[PDB]
Every structure is written in structure tokens, then in C-alpha cells.
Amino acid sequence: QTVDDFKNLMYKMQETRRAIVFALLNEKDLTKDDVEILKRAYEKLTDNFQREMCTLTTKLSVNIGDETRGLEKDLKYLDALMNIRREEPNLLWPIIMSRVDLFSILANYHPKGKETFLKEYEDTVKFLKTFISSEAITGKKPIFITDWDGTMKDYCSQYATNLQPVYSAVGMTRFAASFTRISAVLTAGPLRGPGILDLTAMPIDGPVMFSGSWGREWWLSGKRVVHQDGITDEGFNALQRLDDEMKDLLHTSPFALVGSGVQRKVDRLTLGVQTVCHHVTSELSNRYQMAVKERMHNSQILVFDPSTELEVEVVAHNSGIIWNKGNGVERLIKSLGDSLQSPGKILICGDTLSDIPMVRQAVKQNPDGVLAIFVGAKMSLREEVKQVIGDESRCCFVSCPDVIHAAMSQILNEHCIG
């Protein structure tokens, strides 16, 4: 009913999710109790419409649509898996997954209809096949680089509970391990506390490398690599002090379930102070922002930024090069000892304009060469993608990530299973 109960529930069913994913990727038995956890988590969100979590001072109405849909699709997926597992006990998990009709499960969620879902699915499948064919030509597996939010994961009203489902995790991990030599994930949010590593349900130390702050931080191999480059050592740590001055403010009753909800990015802090249209009062937001301004201790190398009506930022800087996802990709590839210039295909997935640099860099290195899949892109963005790349023919546009997921599952069913 309250905030911490919701958060703890979601996080529990999420670590349970990771356990399930590990069990499905390492030929381990599927615990019916672990599934029961997700089942209870789903039943809890559907009883009292949406749900409203309250504390001892204020009350917030929270949109749990994404969490509910994720839990639902996961329940259907797992139910199927167990249904074929029971009928044939000692089959390998990929074979059982090859017998799952994921298409029928995901098609009912396409906002434009199943008919469009089918065509987008087929085109995405052929596109992906073109991407996979790179190995048979060059001898080495191609490189896959994607965005998270809106690209591989449906948009969530809260970043704090933007939890990745099981089927997508399994699909992405299998696809990355089987068909790619490099798979990278570039996000704007942090790695942890809460970050992409906490929201994901994937091996993390597997075939997929996760990043944060547009590539300024990475998780590999067992440690965290942070690229300051522009930010000073005093600009840094001061952000840490401010973060300490925020985490205790969250413990009072100011909340972090508003959009982004105070994120600690390598070079800045991004707090969500207001929700569209007007969740949370117009006054509490002002008290919030003023309290944030107070905890900025001159000045002291920390610059305040009102930014928008919904978000607010506290940045270090100013010496630097204005970091973007392109820099993250470049630095990663340079660090790994690989190259984008090497003859072979490159698949890049995105949903917003901030993903265009990733493409840019790629077509600067391999203009043969680059394949792009964009999710829910407006006309202008689609044209921009068509502009950065030559083709046109090398461009693929879908409406939702589930198209990509289903396509990948089909590719796995065809090439890894037969």
C-alpha cells in the first residue's frame, strides 16, 4: 500500500526474475515458487484503474501500467514454458523456447494492431537475418549496439521501477551470445543505486556490456570503469556529497518516484521534481527544489540548471567535449581492442535523437555497413536516421520493442535450433 512496500516488492520479484533468467540460460530447473512470486506480485497490483501509494505526509497516484504488462507477459511466457516442460521433462531450454508461440503473446500489445505487428515482425526478421549473415561473409561475428529505454524496453512512468521482463532478457542474451562478438547497452541513467544493472534481468557479466551516463561509466569485467575526461576531481566527489545530501532527504516525507527521480550520473545529478500533467502539488515541488538548492554546500564548482518544468539538473564541468553516446561507443570499442572500421555489419538500435550519434560514429567508420532499427520514431527522426545513413534500404522502423524481441526469438528458433 505504501512506497517502500511497492519498491521492495518490485525489487524482490526482480531479483527473482534474474534467478529465473539464470535458470533458463543454464539448463536449471524452473522453480514453481519463483514463478509464484511473480504471480503474487501480479495479483497484488490488480485488486483495488491504477494504484496510489501513500506515506505519512503525502499521497501519490502511480501509473503501474508497464510493471503490470511486464508481469503479465512474463506470466504467460513462463506458463507456456512450464506447459511444454511438463509434457517433455528433459528437453533443453532453447528447444522448449522454440516451441513457444511468443508472437501470439506479444501481438496483443501492439497499439497499432496485430496486422501491423505481423508485417513489422517479418521485416524485422529479414533485417535481422541480413545482420546475422555478416559472420558467414567476414568470418567474425558482427557488432550490436542498442539503447535501453524505449528501444529494448517499453517506457515506464517511473525509472525507479523500470523493470526488465524475463522473455526480453532471455532473448537478448541468447541473441547477443549466439550472433554477436560485441553487444553494448548505452543508457543515460546510472549503473546502480538504482541503475540499469538493478533494473535489468540479464547476466550483466555475460555477452552484454552495460553502461551508464551515455557511456561515461561501464560494467566490465567485474568492476566499474568511469570516464571523467572533462570533469575535475573536485567537480566529482562534490556530486557524491550532494548525492549524500539527497538520499537522506528521500528518507523524509520529497520522493523519488517522479519520472527519473534523482539520478546520480557521472557528471551531474538529474532530479525529477514535477510530473506531467500535475501529479504532486505545485508547492511541494517548489519546496523540493529550494531544499535542493540549499544542499549545494560559494559555490563551489556546482552549477544549477532549471532545465525543464519536469526535470532539474546539477552539473559539474565546464572543461570538456560535451559527452554523447557516440563517445561512449568509441571509447568502449577502443578499450576492448576491437574496431568498427573492420569489414562487417553493425546493428544499431534507438528510439530518440540522442541515439543518432551512435549511428553517426558508426557510419563514420563503416559506411557499408551500418544497419539501424528505430522504435516508435516520429517522421522527423525517421528522416534524420535516413539522412545519417546512406540507405534507406538499411533502415528498419518498428513501433514497439516487442517486435525486435519476437524477431530475435524467431532468429534463434531458425538458426540455433533449426
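From 1 onward, residues are counted along the sequence shown.
- Missing coordinates between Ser253 and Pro254 amount to 1 to 3 residues of the deposited sequence.
- According to the record, the deposited sequence contains 4 to 9 residues between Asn48 and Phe49 that were left without coordinates.
- Higher mean CA temperature factor, per the PDB entry, when comparing 308-316 with 148-156: 308-316.
- Of the two segments, 341-349 and 173-181, the one listed with the higher mean B-factor is 341-349 (C-alpha atoms only).
- Of the candidates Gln387, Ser380, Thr57, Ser354, the PDB record gives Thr57 the highest C-alpha temperature factor.
- Across the options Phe127, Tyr77, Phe236, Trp219, the residue with the most elevated CA B-factor in the record is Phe236.
- In the PDB entry, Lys119 places in the highest third of its chain by CA B-factor.
- Per the deposited record, the Cα B-factor of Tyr288 falls in the highest third when ranked against the other modelled residues of its chain.
- Per the deposited record, the Cα B-factor of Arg295 falls in the highest third when ranked against the other modelled residues of its chain.
- Among the modelled residues of the chain, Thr161 sits in the middle third by CA temperature factor in this PDB entry.
- The entry lists a Cα temperature factor for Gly230 that places it in the highest third of the chain's modelled residues.
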